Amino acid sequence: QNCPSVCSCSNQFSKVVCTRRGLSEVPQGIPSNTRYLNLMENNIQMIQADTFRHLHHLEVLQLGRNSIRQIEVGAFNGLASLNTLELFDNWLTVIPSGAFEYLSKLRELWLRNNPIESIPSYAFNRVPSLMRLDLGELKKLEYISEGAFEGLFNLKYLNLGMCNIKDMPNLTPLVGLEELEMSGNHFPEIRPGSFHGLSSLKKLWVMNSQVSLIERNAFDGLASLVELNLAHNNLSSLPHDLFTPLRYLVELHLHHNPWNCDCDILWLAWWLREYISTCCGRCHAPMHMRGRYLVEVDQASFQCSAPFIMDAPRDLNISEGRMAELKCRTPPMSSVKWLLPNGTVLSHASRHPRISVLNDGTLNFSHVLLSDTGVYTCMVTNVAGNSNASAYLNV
């Protein structure tokens, strides 16, 4: 019916601002008309059960920049209209999974900059309506469960940046994820398994992550990819035909990388001239190319070698059940694919249950079967040309 003394309302009565106060607790008489409530820059330590029980029109609850340590099970009861829940910059050490109970209209959950120690299994599963989740700046994060992101069928945005993550979490349940923010972590190598099951991904940000190498066919599974940000890393080159299966890739951020402008960047220099100016940065090496933008790098003054298959695959006589290898020592940046006798083509990205293509080009088997008999061709490609070498696998 009326505005609280420690708060400031608006003519609509939609907006209630209670910022820059010495509040240790949430105001007692918040009007039922409220759509947007601001409770930032206060000393609130605990959100008691049924606190906002009668605020049925509340769309945005701003609880950011406070001292919130505990959130009770029924703290968010009666919040049928809640779309945005901002809980960033608090003292939360555990995700309040029970508190996010009946929030059927919740689309945005900001939990960034919190002393959250662990993301347990099936957390956020009680909110399948969630579309935007920010778990950034979690400096005290020690554990992420494999089933942590389970139940989030409608999630389109995930921010897990500045969490000091050393190895990629299981993002497979996020089937409909379109935007991923992984910037500010530690990933020296980007593997094809790192982003497995992210078919719907359109935007990928892996800035300031100390990336020194991107493995062969790493982004191959990311068919829907529109935007890729790999800026501010230690990248000197990218594998041949890395962006070729990315039919929808139009926005690229490749700057602040110590690019080695030799025959290996020529495919990229062509790709950017044909599909994309201030987006990709400059050559840091060799000295003759230093300072030039990779978009302005001209192949017209380049003399290149075709793929050198230094060690062609050797013929193998092996018994059923044994592990077998077909080596293919080729320049590390070249494109490598394997043609099996059945006619199927395998890459480093392929998820075959027995036969795997390693990053060095070698074809691993784990255990051979009677059906694995015939000619296996190592197919290598560069900007200068292509090379092929076959081997016969017996039993």
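Don't overthink the numbering: it's just position in the shown sequence, from 1.
According to the record, no deposited residue between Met162 and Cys163 is left without atomic coordinates.
Relative to its counterpart among 138-146 and 317-325, 317-325 has the higher mean temperature factor, C-alpha atoms as listed in the PDB entry.
According to the PDB record, 72-80 carries the higher mean C-alpha B-factor of the two stretches 154-162 and 72-80. Comparing the C-alpha B-factors of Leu133, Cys263, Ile309, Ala99 in the entry, the top value falls on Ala99. In the deposited entry, the Cα temperature factor of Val16 sits in the top third of values across the chain's modelled residues. The deposited CA B-factor of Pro128 belongs to the highest third of values across its chain. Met333: CA B factor in the lowest third of modelled residues in this chain (values from the PDB entry). Among all modelled residues in this chain, the alpha-carbon of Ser390 has a temperature factor (C-alpha) in the middle third.
When all modelled residues of the chain are sorted by CA temperature factor, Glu296 is found within the middle third.
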